[PDB]
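**Student:** Build the 3D model from these lines:
(one chain, ligands or ions: 2)
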Amino acid sequence: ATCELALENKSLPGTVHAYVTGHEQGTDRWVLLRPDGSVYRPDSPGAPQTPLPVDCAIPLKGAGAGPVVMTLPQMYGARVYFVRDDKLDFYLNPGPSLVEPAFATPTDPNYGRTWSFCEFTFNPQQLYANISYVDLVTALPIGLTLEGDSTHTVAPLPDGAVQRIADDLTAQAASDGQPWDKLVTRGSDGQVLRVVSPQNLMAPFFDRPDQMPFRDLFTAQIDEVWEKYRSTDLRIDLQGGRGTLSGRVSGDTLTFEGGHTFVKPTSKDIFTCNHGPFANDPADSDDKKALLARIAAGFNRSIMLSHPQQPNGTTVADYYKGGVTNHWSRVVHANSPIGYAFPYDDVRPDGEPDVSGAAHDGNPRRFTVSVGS
Ligand SMILES: OC[C@H]1O[C@@H](O[C@@H]2[C@H](O)[C@H](O)O[C@H](CO)[C@H]2O)[C@@H](O)[C@@H](O)[C@@H]1O
Ligand SMILES: OC[C@H]1O[C@@H](O[C@@H]2[C@H](O)[C@H](O)O[C@H](CO)[C@H]2O)[C@@H](O)[C@@H](O)[C@@H]1O
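**Tutor:** Numbering: from 1, shown residues only. Ligands and ions are numbered 1, 2, ... in the order given. Take a look:
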């Protein structure tokens, strides 16, 4: 089966291009959709850093003129990119391995361009798409609509969001002296191109951790939490009817009934949600994995001291209070109507609404991706 892909520019002036990349079903082979509606499957190149030998930029009709509609073949690990005025430079490495534009590295050929992307997957069970602010927010916000069985819509960042986000974060940096302003990327014309989450600014310095930005942001708060739960229980509700598990800190290990163990975390762990006690290990039981997500979420939201039982009984109003918190997440949530801002933002108290930026349908007919408003 297939379905229609509709690319639209609602209101921006001039020229916008879209790119569709992914892996085709089972072959695992990199693949790009072509302006003419056909598929381009590159062969492995003769050298690294080889320019994409076919032009796969898809020109969008003018703002308001309607959509470019083509046939979407099934694929996974897929993306839709947009870029204004220019095109994007893609490359090939021996494999074939597609070299993707790196929003968070300043030497990248596209670093100064105005571009964005969202991620999707289309297998025979469903089309699943996702607007996510876990990594970046851009001056080219994407919204989408999926028609099939149901109709699902995901609202974009509103016009101007990325400027507000950049200003709020610079304002934060002015007060706490932390490198929040370095997450901003401004072109040559003064305009804001994107803002990136702290982990994307920290990962360069994983090599040299003694120079990592933000390395000591959470250090005091973490020690406060660990000392609290040396003398009283931390109750984590696994939810879904699985009930709660109580934990205590012995020395530097937080241990829950069932022998689930978490070492003292670092600011790095909290921001990545994937190191220290939050590293994903396939050798972990499901309870251990439930505990991990909820504890990472609570540190990001700074509710570990205020709420000994969580997430049930907490609300969004409890999140991101005080000087030391995940201000990236706080500010993105303030300036966006829906979508996640950090890797475990999906943790929510029972009864609270789903605020994920995903849309999915088991029988997709048209997948509309748009820019502008
Ligand atoms: O910016 C988000 C991250 O993109 C990552 O690539 C995604 C995953 O591999 C996922 O499975 O597939 C989607 C496309 O459907 C990709 O976007 C990953 O490469 C990260 O480095 C990157 O920060
Ligand atoms: O669309 C890309 C994003 O897809 C995500 O993984 C999906 C969900 O887990 C869903 O339940 O199952 C579908 C498979 O049909 C997955 O595509 C999401 O977890 C991201 O990693 C990814 O960027």
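**Student:** List the residues that contact residue 101.
**Tutor:** Residue 101 sits next to 81, 88, 89, 90, 108, 109, 110, 115 when contact means CB atoms under 8 Å, 6 or more residues apart in numbering. Backbone N, C-alpha and C define where each C-beta goes, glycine included.
**Student:** Distance of it relative to ligand 2?
**Tutor:** 16 Å (CB to the nearest ligand atom, to the nearest Å).
**Student:** Then residue 238?
**Tutor:** Taking CB to the nearest ligand atom, one finds residue 238 at 19 Å from ligand 2.
**Student:** Equivalent analysis for residue 136, please.
**Tutor:** According to CB to the nearest ligand atom, residue 136 and ligand 2 sit 13 Å apart.
**Student:** What of residue 288?
**Tutor:** To ligand 2, residue 288 is 19 Å away according to CB to the nearest ligand atom.
**Student:** OK, contacts around that residue?
**Tutor:** Residues in contact with residue 288 (CB under 8 Å, 6+ apart) are 258, 260.
**Student:** Helix or strand for it, just tell me which one.
**Tutor:** Per DSSP states H and E, residue 288 falls inside helix 286-301.
**Student:** Name the residues that touch whatever helix or strand comes next after that helix?
**Tutor:** The helix or strand immediately downstream of helix 286-301 is strand 309-310, counting by DSSP H and E. Applying CB under 8 Å, 6+ apart, the contact partners of strand 309-310 are 235, 236, 237, 244, 294, 298, 303, 349.
**Student:** Make sure residue 19 is indeed in a strand.
**Tutor:** Yes - checked against DSSP: H, G, I helix; E, B strand; the rest coil, residue 19 lies within a strand.
**Student:** Pull the number of nearby residues for it.
**Tutor:** 23 (other CB atoms under 10 Å).
**Student:** quick one: stretch 269-288 near ligand 1?
**Tutor:** No - in terms of CB under 6 Å from any ligand atom, no part of stretch 269-288 sits within range of ligand 1; the closest distance is 10.8 Å.
**Student:** mind listing what the residue nearest to residue 350 when sequence neighbours are not counted touches?
**Tutor:** Take residue 350 and drop its neighbours on the chain: the residue closest to it by CB to CB, 6 or more residues apart in numbering is residue 312, 5.3 Å away. Contact analysis of residue 312 by CB under 8 Å, 6+ apart lists 237, 239, 349, 350.
**Student:** Verify the contact between the second one and residue 352 for me.
**Tutor:** No - with contact defined as CB atoms under 8 Å, residue 239 does not count as touching residue 352 (11.2 Å).
**Student:** of those two, who's got more company?
**Tutor:** Neighbours per residue (other CB under 10 Å) separate residue 239 from residue 352, with residue 239 holding more: 16 against 12.
**Student:** Around residue 105, how many other residues sit close by?
**Tutor:** Residue 105 has 12 neighbouring residues, counting by other CB under 10 Å.
**Student:** what sits against it?
**Tutor:** Per CB under 8 Å, 6+ apart, neighbours of residue 105: residue 111.
**Student:** need the helices for the protein, in chain order.
**Tutor:** Using DSSP state H, the helices found in the chain span residues 161-176, 198-202, 219-228, 267-272, 286-301, 327-334.
**Student:** Packing partners of the last one?
**Tutor:** Spelled out, it's helix 327-334. helix 161-176 (3 or more CB pairs under 8 Å, 6 or more residues apart in numbering; DSSP states H and E).
**Student:** Against which helices or strands is the helix it packs on packed?
**Tutor:** Against helix 161-176 (3+ CB pairs under 8 Å, 6+ apart) you get strand 136-138, strand 184-186, strand 192-196, helix 327-334.
**Student:** now residue 58: how far from residue 41?
**Tutor:** 16 Å (CB to CB, to the nearest Å).
**Student:** of the two, who's got more company?
**Tutor:** residue 58 (23 against 12).
**Student:** looking at the sheet around that one, what are its partners?
**Tutor:** On the basis of DSSP bridges, residue 58 is bridged to residue 18.
**Student:** so what's the most centrally placed residue in the chain up against?
**Tutor:** Ranked by distance to the mean C-alpha position of the chain (CA atoms, centre = their mean), the top residue is residue 134 at 2.7 Å. Residues counted as contacts of residue 134 (CB under 8 Å, 6+ apart) are 197, 340, 341, 342, 343, 345.
**Student:** Now for whichever residue of the stretch 251-373 of the chain sits closest to ligand 1, how many residues are close by?
**Tutor:** Using CB to the nearest ligand atom, the closest approach of the stretch 251-373 of the chain to ligand 1 is made by residue 343 at 10.3 Å. Applying other CB under 10 Å, we find 21 residues neighbouring residue 343.
**Student:** again, but for residue 330
**Tutor:** Using other CB under 10 Å, residue 330 has 20 neighbouring residues.
**Student:** Mind listing the residues bridging to the nearest residue to residue 360 once chain neighbours are set aside?
**Tutor:** Leaving out its chain neighbours, the residue that sits closest to residue 360 by CB to CB, 6+ apart is residue 128, at 4.1 Å. Beta-bridge partners for residue 128, by DSSP bridges, are residue 121, residue 360.
**Student:** Near residue 128, how many other residues are there?
**Tutor:** Counted by other CB under 10 Å, the residues lying close to residue 128 total 19.
**Student:** Check residue 142 too.
**Tutor:** Residue neighbour count, defined by other CB under 10 Å, stands at 21 for residue 142.
**Student:** Isn't it up against residue 373?
**Tutor:** No - taking CB under 8 Å as the definition, residue 142 is not a contact partner of residue 373, at 11.2 Å.
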